[PDB]
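Numbering (PDB author numbering), first residue to last: 1 to 68.
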């Protein structure tokens with residue numbers, strides 16, 4: 001039942017849902033068109049460290065990615 005516990009990650013502005021993927025530890029947001037970096041549990045939603053997503057990536061947010 002351990003969801004909505006650590007699974008409450010949302011954007012600081014749009015406050016929409018986020019799903020993380022390992023390897024790069026990136027948070028993808030279509031609602032913000034950005035991607036946030038995670039440093040071992042330290043999300044950097046900072047202007048300097050937050051990077052935009054490409055259209056491809058944006059388009060690949062039509063559904064959950066690597067959730068299954």
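All C-beta atoms in this analysis are idealised placements derived from N, C-alpha and C, irrespective of residue type, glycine included.
The residue from 59, 66, 62 and 13 with its alpha-carbon nearest to that of residue 32 is 13. Sixteen is the threshold: when 16 or more other Cβ atoms of the shown chains lie within 10 Å of the Cβ of residue 36, as they do, the residue is buried. Around the CB of residue 18, 16 or more other CB atoms lie within 10 Å, so the residue is classed as buried. In this structure, the straight-line span from the alpha carbon of residue 38 to that of residue 53 is close to 16 Å.
The region 1-67 is shown to contain whole beta strand (DSSP E) runs of 3 or more residues at 19-21, 26-29 and 34-39, in chain order.
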